[PDB]
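Colleague: Just the structure for this:
(2 chains)
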Amino acid sequence: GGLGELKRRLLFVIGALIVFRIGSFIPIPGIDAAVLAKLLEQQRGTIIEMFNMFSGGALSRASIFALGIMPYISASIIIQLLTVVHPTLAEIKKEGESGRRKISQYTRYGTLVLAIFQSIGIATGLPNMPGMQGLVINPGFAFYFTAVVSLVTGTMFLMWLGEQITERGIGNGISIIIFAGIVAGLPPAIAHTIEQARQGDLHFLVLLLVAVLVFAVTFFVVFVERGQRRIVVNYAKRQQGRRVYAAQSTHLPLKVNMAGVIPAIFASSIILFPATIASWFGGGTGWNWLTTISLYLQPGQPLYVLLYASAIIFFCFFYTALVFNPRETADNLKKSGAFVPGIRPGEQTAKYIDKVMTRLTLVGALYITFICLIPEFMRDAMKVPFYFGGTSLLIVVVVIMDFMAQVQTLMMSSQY
RNA sequence: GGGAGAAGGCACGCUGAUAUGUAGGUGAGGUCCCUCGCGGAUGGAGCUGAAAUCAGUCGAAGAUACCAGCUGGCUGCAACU
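Modeller: Numbers count the residues shown, from 1 in each chain, chains lettered A, B, ... in the order given. See the structure here:
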């Protein structure tokens, strides 16, 4: 706040959020958001609620972003999938950053194609199914083309905003946009909670217990994320071997979390994808089957909570194992002549680190599972609104902690 | 040539550093050359590894056991194995 350098970046990010907000408050022409918002009040609109949380609340308002930034993440999932399966992309990836720019371009183009396909499916399928129940506009090719091009331009401009915040400002664009979109719904929730509290509909003690529990979860997950296991190693004697004296790290820190919201968003996309594709048909055979299997996975249902929990565990474990590389560490200790008591340098050192991280990231994922599990049972028992949900809290905490970590990192780098 | 191992004396363990194993010994990967091979040069990862010096430490005793010359002076005879 004091430094002007970070101040300009802050004003840039905030301003970007302003532009994004104004752009998100503009509904699609020929679409009434009132009947849509009225439709979400039923049980058939509860299944799309979880998908609405990642749209920044622009889904109910029928803004220029239908799916939000989700198709970009899904596009990244598809790109990584083709990278794992097809060796052709893997070869290009090994050609250096020059091929990484190609993977980039193909990821953006894939995002474009997915945006087009999803625009077509959504706009054509759901409204025109009854048809013309929610929309007055006739099911013609004009409305189709209009909706397609509109959602394409919207998603493209959104990606542009994501690139601008990432480049000309601190932190990730997608991260801060999703974060802002999530925390934007908190003040109306609190306001409506207070207004209904004086009506006798909601008890004050309940809200107090909710707030206290939220603060407790906060303090807890903050305490956990900064928790780490350090490996003590004393090296080295005999100063004329051209390695010592260090003047280096006397201990190797090991963090439970990376940390990032990427596994959470990815897992969210993966789990919600079958729920998203089945939510396009409200009536007909979709009501008899697709709507049923859409009710199979619900934020209020324990099954979806357990499945999403397992997804969180798997994605977080895989990501944590992917980011941290014991090879580079072992090579770093080898070139410096570090000898671990405990050990002998080689491949045996890499197996030890993996052995520790396997017993670490596991119980860490168990902790995250618990933290994600509590607010659902709290929502069932205390009847708290959906803005207090566990996923949103996790996203907020991760985003804030990681952003502040990056800030302190930049301040430490600029210091010495 | 010998006599001579003459006689007589000195250090000797362990641990650390000089060097997280040195001097040497071996010689991978790589790059180059080739009359292209079980080739040549470069190359130094890994592996092996004395000796010494300095500092410390235990014990009455460090060639701690088994192992492993008694030595010197005069003379007879036979040169010698």
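Colleague: in stretch A:308-324, what's buried?
Modeller: If you call a residue buried by 16 or more other Cβ atoms under 10 Å, then stretch A:308-324 has these buried ones: A:308, A:309, A:311, A:312, A:313, A:315, A:316, A:317, A:319, A:320, A:324. No exception for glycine: its C-beta is placed from N, CA and C like everyone else's.
Colleague: Then stretch A:363-382?
Modeller: Going by 16+ other Cβ under 10 Å, stretch A:363-382 has these buried residues: A:364-365, A:367-369, A:371-376, A:378-379, A:382.
Colleague: Contacts for it next, please.
Modeller: Under the criterion Cβ atoms under 8 Å, 6 or more residues apart in numbering, residues A:206, A:209-210, A:213, A:217, A:220-221, A:224, A:256-257, A:299-300, A:302, A:305, A:308-309, A:312-313, A:316-317, A:320, A:384, A:386, A:388-391, A:393-394 lie in contact with stretch A:363-382.
Colleague: that older thread, just the ones in helices from the buried residues of stretch A:308-324, please.
Modeller: The helices, defined by DSSP state H, take in A:308, A:309, A:311, A:312, A:313, A:315, A:316, A:317, A:319, A:320 from the buried residues of stretch A:308-324.
Colleague: just those residues now: which is nearest RNA strand B?
Modeller: RNA strand B lies nearest to residue A:320 out of these, by Cβ to the nearest atom of the strand, at 30.5 Å.
Colleague: Now do the contacts for that closest one.
Modeller: Residues in contact with residue A:320 (Cβ under 8 Å, 6+ apart) are A:257, A:258, A:357, A:361, A:364.
Colleague: about what we covered before: I'd like the ones in helices among the buried residues of stretch A:308-324 laid out as CSV, including distance to RNA strand B.
Modeller: Converted to CSV, those look like this (distance: Cβ to the nearest atom of the strand, whole Å):
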residue, distance to RNA strand B
A:308, 48
A:309, 46
A:311, 43
A:312, 42
A:313, 40
A:315, 38
A:316, 36
A:317, 34
A:319, 33
A:320, 30
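Colleague: I'd like those residues laid out as CSV, including distance to residue A:117.
Modeller: Shown next, in CSV, are these (distance: Cβ to Cβ, whole Å):
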residue, distance to residue A:117
A:308, 25
A:309, 30
A:311, 24
A:312, 28
A:313, 31
A:315, 25
A:316, 30
A:317, 31
A:319, 27
A:320, 33
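Colleague: who touches residue A:36 in this structure?
Modeller: The contact partners of residue A:36, by Cβ under 8 Å, 6+ apart, come to A:60, A:62, A:134.
Colleague: can you check residue A:389 too?
Modeller: A:53, A:299, A:375, A:376, A:379.
Colleague: and which of the residues you listed is nearest to RNA strand B?
Modeller: Nearest to RNA strand B among the contacts of residue A:389 is residue A:375, at 51.6 Å by Cβ to the nearest atom of the strand.
Colleague: Now do the end-to-end distance for stretch A:134-144.
Modeller: End-to-end distance of stretch A:134-144 (Cα to Cα, to the nearest Å): 15 Å.
Colleague: Which residues belonging to it are considered buried?
Modeller: A:134, A:135, A:137, A:143.
Colleague: CA atoms only for stretch A:36-43, dumped as PDB, please.
Modeller: This file holds the C-alpha atoms of stretch A:36-43, laid out as PDB (Å, rounded to 0.1, in the frame of the first residue of the first chain):
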ATOM      1  CA  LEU A  36     -34.500 -17.300 -15.300                       C
ATOM      2  CA  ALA A  37     -33.900 -16.100 -11.700                       C
ATOM      3  CA  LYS A  38     -37.400 -17.100 -10.900                       C
ATOM      4  CA  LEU A  39     -36.700 -20.600 -12.300                       C
ATOM      5  CA  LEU A  40     -33.600 -21.000 -10.100                       C
ATOM      6  CA  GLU A  41     -35.900 -20.800  -7.100                       C
ATOM      7  CA  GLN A  42     -37.100 -24.300  -7.700                       C
ATOM      8  CA  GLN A  43     -35.300 -27.600  -7.200                       C
END
